[PDB]
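Worksheet: one structure, shown below.
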Amino acid sequence: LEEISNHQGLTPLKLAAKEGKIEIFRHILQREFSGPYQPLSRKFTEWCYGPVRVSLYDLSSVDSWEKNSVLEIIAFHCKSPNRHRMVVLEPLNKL
Amino acid sequence: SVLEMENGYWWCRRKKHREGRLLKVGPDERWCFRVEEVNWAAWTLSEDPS
Amino acid sequence: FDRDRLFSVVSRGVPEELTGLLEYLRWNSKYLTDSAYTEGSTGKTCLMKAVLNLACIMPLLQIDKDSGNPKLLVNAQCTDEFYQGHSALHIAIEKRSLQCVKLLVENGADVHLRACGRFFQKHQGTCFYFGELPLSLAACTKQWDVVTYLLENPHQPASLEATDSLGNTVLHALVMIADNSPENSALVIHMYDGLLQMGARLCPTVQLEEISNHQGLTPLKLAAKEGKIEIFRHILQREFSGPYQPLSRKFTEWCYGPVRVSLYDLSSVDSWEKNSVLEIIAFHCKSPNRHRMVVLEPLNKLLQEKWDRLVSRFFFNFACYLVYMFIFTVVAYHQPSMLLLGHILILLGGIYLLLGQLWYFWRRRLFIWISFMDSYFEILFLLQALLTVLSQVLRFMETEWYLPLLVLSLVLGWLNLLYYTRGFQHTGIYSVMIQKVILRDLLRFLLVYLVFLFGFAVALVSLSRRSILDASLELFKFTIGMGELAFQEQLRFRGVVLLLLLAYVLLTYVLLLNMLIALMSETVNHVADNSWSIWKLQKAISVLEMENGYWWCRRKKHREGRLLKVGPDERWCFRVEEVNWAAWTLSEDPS
Ligand SMILES: C=C(C)[C@@H]1CCC(C)=C[C@H]1c1c(O)cc(CCCCC)cc1O
Ligand SMILES: C=C(C)[C@@H]1CCC(C)=C[C@H]1c1c(O)cc(CCCCC)cc1O
């Protein structure tokens, strides 16, 4: 479902970035589920050794390697006033 | 700035290297990004730390 | 019977799927600890994988008994440099499986194995440091049951005084994992207190707190150096009940109604002994929250009497420098009878400050590097003393260039007088993080202003065509409020020069005002400290150096406190009096 694009060629994740909907954008970007819905998640844990925990965020449409990525959409194709609050998200801030 | 700068100069376009590592979540392979966090209150895909 | 097959069976956890494996080892004369059956990349063995995929453990250890294995796999060690030293016992403790720990320990597992891998070091990247021993792992993971079992098991008790590769003990490990977080502070404080109580029961003749690592720091000293204020405060202000009374550091001398007097133990805190907590906090600590360390209840009071007892010496130093600077000014003003005496004092005064300042840098060199802003005035005094002596040297070795250096030393000598202003309140804003930020921007603003000043001056010269020096000076007069605005009618591009000059006026007003607005935001987004933590830190640094005495006359240090038998044990305690109207002793009567 997430790879379906509308007439503008934007996925639901990409559409949230362009329209400035930070609330749904953060939830989609940092999403995890249980065993039955494990392949439906975007955040995964690689290993956990006590307090130290490592997470793996899916850079499907986020990384700027592919054209019309989330980073390009947020920085240049977004007109919402709260553009700065988009990049401070946990996977975007680190990447 | 970094998004424009990574595109390269006009006289020499630079190839863009994908950031991340291809991991089989499980199959399905996704280019994930490694982020490390420390939590002292809460008490996995791989088997051993790396 | 195969390496791939053996690891697959242990993951499932069904011992019935592994039959005849022991017979296979006898046939091939191979052991489970051999490199053939290990993972090879990191030395991981079958037992290690079994604990990771948490019954098969007992038969797997049982079949080790049949084969003539000289080396026990229960004490196997990883071989990869990244993850070296990690054993199966470490897995059970990490997985929070008390039953697995009991099963492993009962079968001869060693409790003193060292996990000296790169992952277990205090790296700047991915790492986790819990000492280097299994006992430290349980302490840092909120496992009191595992700690209790590892301390009171008849099979192989774990010693509390065991040290890691750096000499860190169990108490040291709790210090290095502190992060001043509310969740982490409760973790370290609760376990540190519990281990001390268990330590008295297990080893009463061994004092845990006096054990020092390879750097020679006690756990109390280590907390001060590493900047862990949360555990530092708890250790410094510690009291217990009757059974653990000798294990406390804070005691009550007498209580008469609301008036209560407390006695804090100055064991490693008072500066009488070398490498004390006060010396460590002020000079050997690089943590940003150094000011919050001295405002603690025993440290805040103790540093006050040292300042009060030595305040006269501080003003005597101020008076001596003030008189010396007055002598310097008079001699310089009339440098071109008693003037011969004046030059002798200038040479003697410069050589006196130089030798005294050279002692300070000899005793300590890392302090200036780690914290430039803490002792930046030490550098300034060095330049003033060195230049003053050098300037008089050029007077004897006549080169006619001693005057510019003497004049430069005069203005800088008065600037060094601002150092003594730290002995008063002076209001302002007291912060070290802000001051570095403000200083950095002002220097950047000066560079931005100069290039704009230089850029416009060249533009003015070429368009009007003295040189750049006169034109740049004319533009700089605009800041001092002395600029020249006139329509020079004998210029071809008179309008362009006039418009360009007006552009500079509007440009420099924005630049100066922007810095004021930028400097205003720092003041607004600043929370004043009612205890004046920054000011107290500066006073604490000065008194510690001042009490050491001058270079020409070292002064004996008198210990601060009174020797009292707590009960026996005698500790040099510090008297602190407090008044409480809500709560309703060692001595018998008030005194
Ligand atoms: C307290 C602060 C933040 C003041 C407030 C505004 C002013 C003019 C500058 C700041 C400031 C420094 O940021 C640093 C120093 C001394 C540090 C070394 C200077 C060579 C003094 C100093 O007044
Ligand atoms: C402060 C300001 C805004 C003044 C205003 C006049 C001009 C342009 C110079 C500026 C300036 C620095 O931009 C920087 C310094 C030294 C940096 C540290 C000062 C404690 C002095 C100094 O006069």
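Just so you know, the numbers here start at 1 and follow the chain as drawn.
The way this entry was determined, per its header, is electron microscopy, 3.3 Å.
Even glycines carry a Cβ here, placed using N, Cα and C.
According to Swiss-Prot, the feature phosphoserine maps to C:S8. In sequence order, no residues are near C:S8 (phosphoserine), counting only same-chain partners six or more apart with C-beta under 8 A.
Across the range of the repeat 'ANK 3' (C:84-129), the DSSP-based residue counts are 19 helix, 0 strand, 27 coil. The repeat 'ANK 3' annotation in Swiss-Prot covers C:84-129 and is backed by experimental evidence.
Residues or ranges marked as repeat 'ANK 5' by Swiss-Prot on the basis of experimental evidence: C:166-214.
Residue counts for the repeat 'ANK 6' (C:215-241) under DSSP, split into helix (H, G, I), strand (E, B) and coil, are 16 helix, 0 strand, 11 coil. The repeat 'ANK 6' feature in Swiss-Prot is assigned to C:215-241.
The transmembrane segment annotation in Swiss-Prot covers C:314-334 (among others) and rests on sequence analysis.
Residues or ranges marked as transmembrane segment in Swiss-Prot: C:339-359 (among others).
With helix defined as DSSP H, G or I and strand as E or B, the topological domain 'Cytoplasmic' (C:360-365) counts 4 helix, 0 strand, 2 coil. Sequence annotations record features per position, and here Swiss-Prot assigns topological domain 'Cytoplasmic' to C:360-365 (among others) based on sequence analysis.
Swiss-Prot lists C:366-386 (among others) with the feature transmembrane segment, giving sequence analysis as the kind of evidence. Nonlocal intrachain contacts for the transmembrane segment (C:366-386), taken as residues 6+ away from its ends with a CB within less than 8 angstroms of a stretch CB, comprise 283-284, 286, 350-354, 357-358, 360, 409, 412-413, 415-416, 419, 432, 435-436, 541.
Listed by sequence, the residues of this chain that lie at least six past the ends of the topological domain 'Extracellular' (C:387-400) yet keep a Cβ under 8 A from its Cβ atoms are 328, 343, 346-347, 349-351, 353-354, 406, 408-409, 412-413. The annotation topological domain 'Extracellular' is assigned in Swiss-Prot to C:387-400.
According to Swiss-Prot, the feature transmembrane segment maps to C:401-421 (among others).
Annotated topological domain 'Cytoplasmic' per Swiss-Prot: C:422-442 (among others), in sequence order, evidence recorded as sequence analysis. Within its own chain, the topological domain 'Cytoplasmic' (C:422-442) is flanked in space by residues 288, 291, 311, 314-315, 318, 373-374, 515, 518-519, 522-523, 526, 528-529, 532-535, 538-539, 542, which lie at least six positions past its ends and keep a Cβ under 8 Å from the stretch.
Among the features that Swiss-Prot reports, transmembrane segment is placed at C:443-463 (among others), with the record citing sequence analysis.
Annotation source Swiss-Prot lists transmembrane segment at C:497-517 (among others). Outside the transmembrane segment (C:497-517) by six or more residues, the chain places 441-442, 445, 448-449, 452, 456, 459-460, 463-464, 475, 478-479, 483, 485, 487-488, 491 with a CB less than 8 A from a CB of the stretch.
Break the topological domain 'Cytoplasmic' (C:422-442) down by DSSP state and the numbers are 12 helix, 0 strand, 9 coil. Counting residue by residue with DSSP, the repeat 'ANK 5' (C:166-214) contains 31 helix, 0 strand, 18 coil.
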